[PDB]
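Trainee: Pasting a structure here, questions to come.
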There are 2 protein chains.
Amino acid sequence: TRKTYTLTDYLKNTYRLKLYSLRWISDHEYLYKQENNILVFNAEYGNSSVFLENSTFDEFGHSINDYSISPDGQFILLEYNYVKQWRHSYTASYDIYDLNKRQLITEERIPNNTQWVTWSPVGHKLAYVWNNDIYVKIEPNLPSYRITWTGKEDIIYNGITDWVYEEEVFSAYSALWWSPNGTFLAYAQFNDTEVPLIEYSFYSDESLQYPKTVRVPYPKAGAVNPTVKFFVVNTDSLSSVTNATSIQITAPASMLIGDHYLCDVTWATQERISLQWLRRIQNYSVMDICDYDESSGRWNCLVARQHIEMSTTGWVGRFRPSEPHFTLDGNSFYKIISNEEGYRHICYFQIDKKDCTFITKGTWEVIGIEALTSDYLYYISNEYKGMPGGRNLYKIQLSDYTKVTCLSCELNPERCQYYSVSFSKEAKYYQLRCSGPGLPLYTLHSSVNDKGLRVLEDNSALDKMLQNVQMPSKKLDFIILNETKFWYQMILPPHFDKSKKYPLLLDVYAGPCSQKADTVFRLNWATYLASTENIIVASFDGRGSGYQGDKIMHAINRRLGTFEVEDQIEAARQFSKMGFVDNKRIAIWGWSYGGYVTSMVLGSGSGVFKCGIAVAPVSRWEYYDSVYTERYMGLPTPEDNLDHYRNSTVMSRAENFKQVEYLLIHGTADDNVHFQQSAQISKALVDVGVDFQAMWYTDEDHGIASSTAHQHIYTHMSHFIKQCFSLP
Amino acid sequence: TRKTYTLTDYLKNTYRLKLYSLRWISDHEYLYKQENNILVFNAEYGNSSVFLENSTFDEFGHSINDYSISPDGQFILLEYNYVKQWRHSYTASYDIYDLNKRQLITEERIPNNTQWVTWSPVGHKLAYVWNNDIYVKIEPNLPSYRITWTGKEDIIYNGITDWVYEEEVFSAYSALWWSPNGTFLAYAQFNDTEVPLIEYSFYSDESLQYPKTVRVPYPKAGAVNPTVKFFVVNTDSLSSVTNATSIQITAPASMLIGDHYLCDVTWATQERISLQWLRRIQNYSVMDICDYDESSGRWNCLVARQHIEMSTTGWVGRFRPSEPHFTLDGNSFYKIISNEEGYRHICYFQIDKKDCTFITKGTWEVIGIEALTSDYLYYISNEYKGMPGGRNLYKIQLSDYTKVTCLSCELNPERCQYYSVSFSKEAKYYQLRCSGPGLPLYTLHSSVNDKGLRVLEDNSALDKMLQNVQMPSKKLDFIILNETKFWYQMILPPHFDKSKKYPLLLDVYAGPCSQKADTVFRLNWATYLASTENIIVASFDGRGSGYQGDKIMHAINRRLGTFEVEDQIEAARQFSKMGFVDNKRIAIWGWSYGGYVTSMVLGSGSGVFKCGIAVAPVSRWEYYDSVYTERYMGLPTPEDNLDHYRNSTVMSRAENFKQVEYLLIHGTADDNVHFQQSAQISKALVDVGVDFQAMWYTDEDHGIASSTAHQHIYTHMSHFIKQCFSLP
Ligand SMILES: CC#CCn1c(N2CCC[C@@H](N)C2)nc2c1c(=O)n(Cc1ccccc1C#N)c1nccn21
Ligand SMILES: CC#CCn1c(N2CCC[C@@H](N)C2)nc2c1c(=O)n(Cc1ccccc1C#N)c1nccn21
Ligand SMILES: *[C@@H]1O[C@H](CO)[C@@H](O[C@@H]2O[C@H](CO)[C@@H](O)[C@H](O)[C@H]2NC(C)=O)[C@H](O)[C@H]1NC(C)=O
Ligand SMILES: *[C@@H]1O[C@H](CO)[C@@H](O[C@@H]2O[C@H](CO)[C@@H](O)[C@H](O)[C@H]2NC(C)=O)[C@H](O)[C@H]1NC(C)=O
Ligand SMILES: *[C@@H]1O[C@H](CO)[C@@H](O[C@@H]2O[C@H](CO)[C@@H](O)[C@H](O)[C@H]2NC(C)=O)[C@H](O)[C@H]1NC(C)=O
Ligand SMILES: *[C@@H]1O[C@H](CO)[C@@H](O[C@@H]2O[C@H](CO)[C@@H](O)[C@H](O)[C@H]2NC(C)=O)[C@H](O)[C@H]1NC(C)=O
Ligand SMILES: *[C@@H]1O[C@H](CO)[C@@H](O[C@@H]2O[C@H](CO)[C@@H](O)[C@H](O)[C@H]2NC(C)=O)[C@H](O)[C@H]1NC(C)=O
Ligand SMILES: *[C@@H]1O[C@H](CO)[C@@H](O[C@@H]2O[C@H](CO)[C@@H](O)[C@H](O)[C@H]2NC(C)=O)[C@H](O)[C@H]1NC(C)=O
Ligand SMILES: *[C@@H]1O[C@H](CO)[C@@H](O[C@@H]2O[C@H](CO)[C@@H](O)[C@H](O)[C@H]2NC(C)=O)[C@H](O)[C@H]1NC(C)=O
Ligand SMILES: *[C@@H]1O[C@H](CO)[C@@H](O)[C@H](O)[C@H]1NC(C)=O
Ligand SMILES: *[C@@H]1O[C@H](CO)[C@@H](O)[C@H](O)[C@H]1NC(C)=O
Ligand SMILES: *[C@@H]1O[C@H](CO)[C@@H](O)[C@H](O)[C@H]1NC(C)=O
Ligand SMILES: *[C@@H]1O[C@H](CO)[C@@H](O)[C@H](O)[C@H]1NC(C)=O
Ligand SMILES: *[C@@H]1O[C@H](CO)[C@@H](O)[C@H](O)[C@H]1NC(C)=O
Ligand code: NA
């Protein structure tokens, strides 16, 4: 008899999903790290050569974290001494190895504790950030040119983002943008002078006698936000004698009237740059198109070339205004914008014209623009079979928009319904990446006639290993609420019997633009729950979920903690009424936004759920950051939305926790959703005489990702779900 | 069937212990609060009068926290706006009410945010601390005289103690001492400049957007300690001089050689003060006796009057060197010191002779000196029946030491074995306060003849209530370990059957000078557990315990976390041998030092215990304060005792916790035993893969004493014990 997928299998990664992460270096070749060696692959034929041997740095004296080959293939940036900061930020030490003269560079080295580093897009110049200031290196063995002198820790950030812009704006620490050929270097400067500081204890190793206090400039909803300036420097006209001159591009008058943000930077051509600015009330945005004036040496942003993007029903973009995709001449562009029916589609714009032309339409949405040529635009969309949880690669003929070709739909319909893509420099080749419903499949294709060149990775090994395992299945379907269909997914136990009552665990995210019902193949905690414990694990996408139009997505506008909470209950209420679900054994679990939703559901007084687990939950919107919270909630002032901020808390619902079993988990060093949020939930339940289970994780952050902690969290939650469902 | 003593009875205080709190205003009168009215009682006849009617402060506009009448009974200090700080410290607003004029004082008011206030011991002079500076009022409506100008928040403390002096040295916030007739005001000044800060978060009400960081000067073991200086000012000179001089009394040269402490201040006469100094290595103490020199305005301490108190086996005193009791003339004093056998007895000294005469002796100890008259000295001791857990009042004739009467022994021997006393101003009358083994009994006696005047409170109301309740019983006995008697107590369930096997809960303290095996009557959590859950709640006084000689008390000197831990394991084994204990159902629980012993016991690998609860435990000696830790452990340096500090941590035993069910509980705003200690236990358990139960109490301190958190903690603990013992 065959084994089940156990907790130890999930925790020890017994069953590994094989990947194929390649790095395009031209229109014809990619790099692939095989057996610790870097190899060069000709996409057309499949043949390789050794680019770099694993033995090359055996006598290095440091464990190399990562590598970054210069665009010209002449130099290798060696990353070591990695110290993680936030989600994307880190400091490390760098060394440059000359690939041609087979020797490390010992002259003018990149300093230690370097905040960010990047090769120019072409050649081998380097831009780097150290002690909050930007430095440029025209050649690796040559002295650096200092670009900024204003850099100050926790106050003035140049070429790097502060806490909020990293997390909610650029999803990156870098605030550097090189021009296509690397002539110009564009950067953002952040000022956090009056932004209040989130403070928390850090315990460190047992040896630290007194705990350390961590102080992060973090703007909570309604607090003073950072300020932003935008600059462009010419890296071709740098001097050793004279200090560098940075040209400032100011925000439009429409933004300068009040609080705003820089939300997108995208070069159009070698001398044209686009910028998107977003107001603190995230329903108004402005794009500026800025050209380099060779005579004056200034960057002029014509008013005729401004583009207003706005929303009357909600905020702008899924999480922020979308990225424009400029043509070779940069005189026109393509951008995903929400249409008149509230569905996200590609619009075509002229730089000097107000009206744009939608090139796509329908009751589905475009996920992203992936590649652009003079003949075709390539994009991902959830159009195929009307499944909002599916993803496929499409090409639209730019001369005849009626000529839309799906490139992945029919490749393998049974195994592959969720795709991502990666194109070569001029889109000659593409790698398709299938992530479900079947095991991941990686393939290489060529754009000329959309030929299927070869299979890169098929995970056949994992398939052979999974043959001897009692694996769970996945049902993707929908329910109808108020004439609207909403999707759900259920991880069903092996040998599923529709004539038996199974306990049910509802796995929730339910945040704005979330999607928990999809065709992706996952090997996680829910796998073990269904495989070993015979628990149905369900997720549902109600109002406020994304990829289905603004009518659904904007339903929770100015009203977080309402519809998305109600809808989760209505979904569980419906599942309970199915013959195969044991209505006396229904549980709910969520992390981050899902933890807030889990806690609002447990305190709703619905009687549907027996128990629940909240991990690093948000408890009161006034405790979460400005950028995210205010996008959906607006400002927490009496003139704006203070009443909703006030009545959308977990705390006010404490009394309702009397008829449920609750497990509240949070890491002490969470810089994202501060421990404060959970400390306020516990205090409220204590205040109304409600018994619950609690677990803190010393020095753990939002991820609770340290190997020991990760094993500890899932062990502790497993015992709880098991005790709740009367399972041995 | 009769009801049991339930968890609700304990949490809701259904069965109330009546007290008799009187405040002696003279030699024959005391104050008593009956129905919110303050009555004055004539001790000789028991006849009263309303001293101050409940209606007196109806339209005051504030709830009065407490009152204090001036020694002469001309004024009443009304305390309101009570804001708690640490164990003894607080802030408050104060008003003075003229008893004569029956009017409130509206001029030259005591400021708001007053740290401490005290009347002169004679008359109506006032000394108070505001903003770390000492001020004096000769008259309540007249302007204050400023004494100090160095006062600085968290740096200089004049007249008030710092964290460590309040907690561990003086057991008071106060650091001002008036002379007997109020002419002089003596005070200590503490300098916390180089003292490191303990920083922790304070979440406060849900309305507080950003948590506040609480920063306290706190010396952990081996860190920089506060420095101290002592002064004396002639308050009678204030109205004749612009700025009266605070004369310094310097520490002796034997103290100035290194770090030391001021540990005792006692006035002997109108012009004579005694000071006790203690080295940071607490095994050497010095008493200086200082006389006022009328011609120089100086205080002089003669070397002929200097008394040395030292220890070769341990530290000086039980927790600090004891207080001297001077005879009227101030030419001699009585002091409790450790004798040649290691037992604490009363010594009689001449102020200028280094050799003292012991006035008491035997294999028992003197707990304290209560009153000193021209013919008699009154003291509490544990001599009666050789029970170290008992307490009685004795009378010794100063002209004949063979003349010792026990004033309390036989009054009610079945009901009363533990006593405390309160004497009138010149010891004319005494209130005896009996606390067990029967219901507490308060009686008033006269010293002229030692005759009982009347029963003040007998608890007949409670006795009537307790008759319809199945109450547990308490057994107090001993076991002979290595030729030594080691005492224990048991809270036995009702109808205790010697032939039955009962689950046992070992209730722990086990710190140096502890006593958990006594004769006090208590209505607590152990009452509920034994009464309702049929659990035997046992306590044991092993090596390191007090009131039994230095041989037992100093057994743990420089070795905390050893014998006192091992003896608790031995205790449980010996209990199992008694034949009425289920060896499969033995639990261990403790708070503070008890929390540490529980945790150390749970990580020993002994197999004796199934489960255990640790509340606000010490985990590593280097995290606890200097004064407590170093008294027993010395310094955490390689030349002293580092090896033992590093070997006595809970963390080093995290692997043996795999054998037990552990519950870890701590308050987040714990300024005494820092949350850091449980944050380091949990981390160590997570690292070695151990599952456990945790609970944090938001904004709760070492006492977890808020009405809500108290009920919450005992409810959570009860569930855990019941689960461990498989009780429904
Ligand atoms: C608090 C919050 C939030 C909202 N959030 C965001 N946002 C945009 C990026 C930046 C961030 N600050 C705010 N992305 C989010 C979430 C969010 O809750 N989950 C659920 C989630 C978080 C953690 C672990 C499991 C699960 C699951 N399942 C999630 N899953 C994938 C992406 N995401
Ligand atoms: C760490 C530590 C400690 C040692 N401690 C002290 N000290 C002297 C006074 C000043 C303080 N700073 C250190 N008194 C202590 C203790 C101590 O653990 N318990 C047990 C204890 C603490 C809290 C609750 C229940 C129990 C019970 N049962 C206790 N009970 C009565 C007095 N005490
Ligand atoms: C980065 O850090 C290392 C170590 O501090 C520096 O390398 C040398 O390392 C030795 C010890 O390994 C030290 O004595 C010196 O301070 C270092 N100096 C030199 C000149 O090699 C290194 O220099 C730092 N690198 C940069 C670019 O600042
Ligand atoms: C990248 O683009 C820049 C700007 O378009 C180019 O620089 C210009 O080149 C012409 C020379 O034919 C000069 O007359 C201009 O004055 C230059 N402009 C600036 C702003 O410096 C440059 O050729 C490009 N670099 C590469 C490597 O292709
Ligand atoms: C952006 O969203 C807001 C909030 O929903 C809208 O602002 C209005 O202005 C004030 C704010 O003080 C209120 O009196 C109004 O009632 C709000 N208008 C409404 C609700 O229609 C504003 O409409 C939005 N901007 C755009 C361009 O749609
Ligand atoms: C207790 O009783 C005695 C006796 O009545 C009171 O003593 C005082 O005695 C004088 C005799 O000249 C009476 O005129 C007064 O009534 C008493 N004086 C005062 C100041 O009260 C005494 O009052 C009683 N004690 C109390 C507290 O009421
Ligand atoms: C408290 O102690 C500190 C030192 O710990 C004293 O501050 C020093 O004062 C002298 C002047 O007397 C200065 O020259 C030094 O700069 C100071 N040292 C530090 C570490 O600050 C302080 O004077 C003492 N204060 C009182 C009022 O006794
Ligand atoms: C009263 O006397 C004290 C003690 O002599 C004065 O204290 C000194 O104040 C000066 C600065 O004004 C300093 O240089 C000394 O360090 C202080 N010494 C002490 C012991 O505090 C005080 O300022 C005087 N107050 C008035 C009102 O004159
Ligand atoms: C309280 O005691 C003090 C100190 O002995 C007394 O002050 C002395 O009074 C004597 C008179 O008997 C004088 O010779 C001195 O000038 C005083 N010395 C000092 C330092 O003040 C004080 O008078 C007593 N007060 C009362 C009210 O009894
Ligand atoms: C692959 O094969 C071609 C010959 O068709 C060769 O000349 C080319 O450089 C090779 N590429 C690699 C990456 O080995
Ligand atoms: C940052 O902003 C503060 C005001 O918030 C301002 O005074 C300061 O000049 C700024 N610094 C820079 C370098 O722009
Ligand atoms: C450039 O700017 C900084 C700070 O403003 C200055 O101190 C430095 O000396 C400058 N260098 C030159 C070469 O002018
Ligand atoms: C105390 O505070 C209140 C209000 O802040 C004020 O009305 C009063 O004057 C203060 N009293 C003193 C004695 O300073
Ligand atoms: C005080 O303690 C230390 C540490 O044990 C020791 O070396 C010293 O001799 C002791 N002093 C006395 C007076 O016993
Ligand atoms: Na092929």
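All residue numbers here begin at 1 and follow the chain in the order shown.
Recorded method for this deposit: X-ray crystallography, 2.6 Å.
From the backbone N, Cα and C atoms, a Cβ is placed for every residue, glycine too.
Straight from Swiss-Prot, here's the annotation block:
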type	residues	note
CARBOHYD	B:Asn47	N-linked glycosylation site
CARBOHYD	B:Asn54	N-linked glycosylation site
CARBOHYD	B:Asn112	N-linked glycosylation site
CARBOHYD	B:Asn181	N-linked glycosylation site
CARBOHYD	B:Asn191	N-linked glycosylation site
CARBOHYD	B:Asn243	N-linked glycosylation site
CARBOHYD	B:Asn283	N-linked glycosylation site
DISULFID	B:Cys290-B:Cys301	disulfide bond
DISULFID	B:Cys347-B:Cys356	disulfide bond
DISULFID	B:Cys406-B:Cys409	disulfide bond
DISULFID	B:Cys416-B:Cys434	disulfide bond
CARBOHYD	B:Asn482	N-linked glycosylation site
ACT_SITE	B:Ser592	active site, charge relay system
DISULFID	B:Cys611-B:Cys724	disulfide bond
CARBOHYD	B:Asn647	N-linked glycosylation site
ACT_SITE	B:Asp670	active site, charge relay system
ACT_SITE	B:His702	active site, charge relay system
Trainee: I want to verify one value. Collapsing DSSP to three states, which class is B:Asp670 (active site, charge relay system)?
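Mentor: Once the DSSP labels are grouped into three classes, B:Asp670 (active site, charge relay system) ends up as coil.
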Trainee: Between B:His702 (active site, charge relay system) and B:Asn47 (N-linked glycosylation site), how many Å separate their Cα atoms?
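Mentor: Checking the Cα atoms of B:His702 (active site, charge relay system) and B:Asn47 (N-linked glycosylation site) gives a distance of 43 Å.
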Trainee: Can you grab the distance from B:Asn482 (N-linked glycosylation site) over to B:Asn647 (N-linked glycosylation site)? Cα atoms, rounded to a whole Å.
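Mentor: A Cα-Cα distance of 26 Å.
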Trainee: Among the recorded positions B:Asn47, B:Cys406, B:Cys434, B:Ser592, B:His702, B:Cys724, name every one whose Cβ is found under 6 angstroms from ligand 6, counting any of its atoms.
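Mentor: Listed by sequence, the hits are B:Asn47.
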Trainee: For a Cβ distance below 6 Å to any atom of ligand 7, name the recorded positions from B:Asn181, B:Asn191, B:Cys290, B:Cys356, B:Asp670 that qualify, or say none.
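Mentor: Checking each Cβ against ligand 7, the ones under 6 Å are B:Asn191.
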Trainee: Going by Cα-Cα distance, pick out whichever of the disulfide-bonded residues B:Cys290, B:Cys347, B:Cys611 is nearest to B:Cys416 (disulfide bond).
Mentor: B:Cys347
Trainee: Of these disulfide-bonded residues, B:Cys356, B:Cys434, which scores lowest on Cβ atoms within 10 Å?
Mentor: B:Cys356
Trainee: From the recorded positions B:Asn54, B:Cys301, B:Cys406, B:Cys611, pick the residue whose C-alpha lies nearest to the C-alpha of B:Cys347 (disulfide bond).
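Mentor: Looking at Cα distances from B:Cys347 (disulfide bond), the smallest one goes to B:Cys406.
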Trainee: Could you tell me which of the recorded positions B:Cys301, B:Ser592, B:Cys724 have their C-beta within a distance under 6 angstroms of some atom of ligand 2?
Mentor: B:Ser592
Trainee: Whole-number Å only: compute the distance from the Cα of B:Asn112 (N-linked glycosylation site) to the Cα of B:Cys611 (disulfide bond).
Mentor: 50
Trainee: Residues with Cβ closer than 8 Å to the Cβ of B:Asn283 (N-linked glycosylation site), same chain and 6+ apart in sequence?
Mentor: B:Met310, B:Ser311, B:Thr312, B:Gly314, B:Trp315, B:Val316
Trainee: Would you kindly give the Cα-Cα distance separating B:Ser592 (active site, charge relay system) and B:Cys611 (disulfide bond), rounded to the nearest Å?
Mentor: 18
Trainee: Would you count the other C-beta atoms found within 10 angstroms of the C-beta of B:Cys406 (disulfide bond) for me?
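Mentor: The Cβ of B:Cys406 (disulfide bond) has 14 Cβ neighbours within 10 Å.
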Trainee: Given the recorded positions B:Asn54, B:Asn243, B:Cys406, find the one whose Cα is closest in space to the Cα of B:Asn181 (N-linked glycosylation site).
Mentor: B:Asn243
Trainee: Which has the fewest other Cβ atoms within 10 Å: B:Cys347, B:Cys409, the disulfide-bonded residues listed?
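Mentor: Comparing Cβ neighbours within 10 Å for the disulfide-bonded residues B:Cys347, B:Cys409, B:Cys409 has the fewest.
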